[PDB]
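Presented as structure tokens, the chain that follows is alone, the form deposited without uridine-5'-diphosphate-glucose.
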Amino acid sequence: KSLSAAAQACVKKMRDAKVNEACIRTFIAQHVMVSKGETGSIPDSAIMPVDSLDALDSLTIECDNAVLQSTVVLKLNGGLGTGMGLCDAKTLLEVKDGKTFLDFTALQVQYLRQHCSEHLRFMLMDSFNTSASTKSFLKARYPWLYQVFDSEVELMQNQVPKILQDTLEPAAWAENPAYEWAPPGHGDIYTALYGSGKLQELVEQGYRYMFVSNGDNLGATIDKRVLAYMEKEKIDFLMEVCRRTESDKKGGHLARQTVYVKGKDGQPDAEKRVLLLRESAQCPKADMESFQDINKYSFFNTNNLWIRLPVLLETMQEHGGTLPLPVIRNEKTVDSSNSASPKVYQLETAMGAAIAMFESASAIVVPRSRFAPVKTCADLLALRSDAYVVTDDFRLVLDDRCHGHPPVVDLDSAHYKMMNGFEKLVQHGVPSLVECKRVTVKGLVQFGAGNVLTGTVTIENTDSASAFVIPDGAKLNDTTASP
């Protein structure tokens, strides 16, 4: 085999568990990379700034409906709402008027199928954690999607073995064998699409474009101009990027680099520029100052991706049925809450890293409205308020009175990092935030019905530990509210 004993044990374990071969193939290639001693470092000297890109705001031409007839909308749906105190699927959290993330996506897909392209496809990448809840949700609200859920809609995310840090064997945890497996990140989309045969099914059915995005990003909506841009400029992989702010300096950034490819078979050697991403775990320690210079590297990946499916098929077929992405070596314990459990590596890939694998690749600067994830209960509060309205095509946008700027919400760790605390805060009503520039809430607070906030409002409770309610109908303007 030339595989090490550790790699063979991984193969044996995944074989025994009926893991599909395209996943084993890809994972073993990553295992070899790790076992070779791959650092995965990306210094500033191997990379260069992007400098200039096109802008969605500057585009005007829309594609005709025939392109949408050959387009697949795929939403990443494997993540839980753990970061907000939610042990179930993130996309099933209510956002507006009883509608979840999944509602708006399905209603947007429904609007397009009714008014533009009946053959537009909708897919969901689920994990074992989110599958049953999603299927049950669609069965009640969108039967047409439920009828074809198993056959057409759902894409299952793989699970790969966690491996020990010292010997790289498949880790063992008798207390909970499920903790031996872990998802390989959203870069697994390419492996799942190929290995499940769905990528080949989509291409042979005539589908040409796939728009991938995070399920919990309410701004990632179909924009016909992006499809026209790719048809005109002959793009196989387009990444939507936004400009990095000071709060984004810890996140990844787009970059350029130049590669010399030794010619395989009889064809000549090739030199070319490619796009790529660099996150902090890849950046050398000494280059971290440059990593955070938002004026040098000014763009970050939104995970809004547009891919040519026939080109992706050819590329993965050229690499033995895989897509070789840079591996992230996540160091945890096999039970991350048990500090004495065996230390392990969790091998992961990012789906935005595939931009370096396509010859006709490009990035486009989009407004930050297209990158609007709900990562805090503060974000959720603004969205549920009247500061946001629903369009006739089921998009969520600001009301005009906000004049393009959303109300800032800062909420206290105490009480509100989790949904359980936030749910009592809006027990009898959600306050109007359409006119509020900024609301900070310190300590425990509850809202009454019909409340309105305007200007910059602060509400502090100095460790009272008692109730601290706010009456029904009150309106706070440019003030601070204390007991």
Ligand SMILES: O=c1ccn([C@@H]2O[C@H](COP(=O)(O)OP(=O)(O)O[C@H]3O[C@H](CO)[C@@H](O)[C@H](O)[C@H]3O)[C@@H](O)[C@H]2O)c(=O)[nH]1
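Just count from 1 along the sequence shown to find any residue number. For clarity, a rigid core is taken as the largest C-alpha set superposing within 1.5 Å between two forms.
One more form of this protein, deposited with uridine-5'-diphosphate-glucose bound, exists but is not displayed; see below.
Discussion item. When the contact criterion is heavy atoms within 4.5 Å, does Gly215 count as touching uridine-5'-diphosphate-glucose in the bound PDB entry?
Written reply: Within the cut-off, so yes.
Worksheet item: Closest heavy atom of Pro373 to uridine-5'-diphosphate-glucose in the bound PDB entry, within 4.5 Å or not?
Response: Within the cut-off, so yes.
Worksheet item: At the 4.5 Å heavy atom threshold, is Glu279 in contact with uridine-5'-diphosphate-glucose in the bound PDB entry?
Response: Output for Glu279 is yes: heavy atoms within 4.5 Å of uridine-5'-diphosphate-glucose.
Worksheet item: Would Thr134 count as touching uridine-5'-diphosphate-glucose in the bound PDB entry under a 4.5 Å heavy atom rule?
Response: Close contact is absent here: in the bound PDB entry, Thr134 is far from uridine-5'-diphosphate-glucose, nothing within 4.5 Å, heavy atoms only.
Worksheet item: in the bound PDB entry, which of 338-346, 94-102, 177-185, 135-143 comes within 4.5 Å of uridine-5'-diphosphate-glucose (heavy atoms)?
Response: Selected range: 177-185.
Worksheet item: If you check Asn303, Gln108, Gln292, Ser385 against uridine-5'-diphosphate-glucose in the bound PDB entry, which one has a heavy atom within 4.5 Å?
Response: Only one option qualifies, and that one is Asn303.
Fill in: Candidate from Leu227, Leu76, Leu238, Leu381 lying within 4.5 Å of uridine-5'-diphosphate-glucose in the bound PDB entry - any heavy atom
Of the candidates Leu227, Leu76, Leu238, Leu381, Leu76 is the one lying within 4.5 Å of uridine-5'-diphosphate-glucose in the bound PDB entry.
Practice prompt. Identify whether uridine-5'-diphosphate-glucose in the bound PDB entry is within 4.5 Å of every residue in the set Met125, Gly251 and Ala350, based on non-hydrogen atoms.
Written response: Every residue of the candidate spot has a heavy atom within 4.5 Å of uridine-5'-diphosphate-glucose in the bound PDB entry.
Discussion item. Could you pull out the residues of 145-160 that have any heavy atom within 4.5 Å of uridine-5'-diphosphate-glucose in the bound PDB entry?
Written reply: Heavy-atom contacts to uridine-5'-diphosphate-glucose in the bound PDB entry: only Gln157.
Discussion item. Taking only shifts of 2 Å or more in Cα after a rigid core superposition between this form and the one not shown, tell me which of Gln165, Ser196, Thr82, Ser136 qualifies.
Written reply: Spelled out, the residue whose C-alpha shifts by 2 Å or more is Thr82.
Discussion item. After superposing the rigid core, is the C-alpha displacement of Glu154 2 Å or more between this form and the one not shown?
Written reply: Not so; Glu154 is displaced by less than 2 Å.
Discussion item. Taking the rigid core as the reference frame, tell me whether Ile47 has a CA displacement of 2 angstroms or more between this form and the one not shown.
Written reply: For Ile47, whose C-alpha is compared between this form and the one not shown after core superposition, the shift is 2 Å or more.
Worksheet item: Comparing between this form and the one not shown on the rigid core, is the C-alpha shift at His319 2 Å or larger?
Response: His319: C-alpha displaced by less than 2 Å between this form and the one not shown.
Worksheet item: Relative to the form shown here, do the C-alpha atoms of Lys250 and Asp188 sit closer together or farther apart in the bound PDB entry, given a change of 3 Å or more?
Response: Closer, not farther.
Fill in: Shift in CA distance, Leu164 and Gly81, in the bound PDB entry relative to the form shown here, given it is 3 Å or more
It is closer: the C-alpha separation of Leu164 and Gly81 falls by at least 3 Å in the bound PDB entry.
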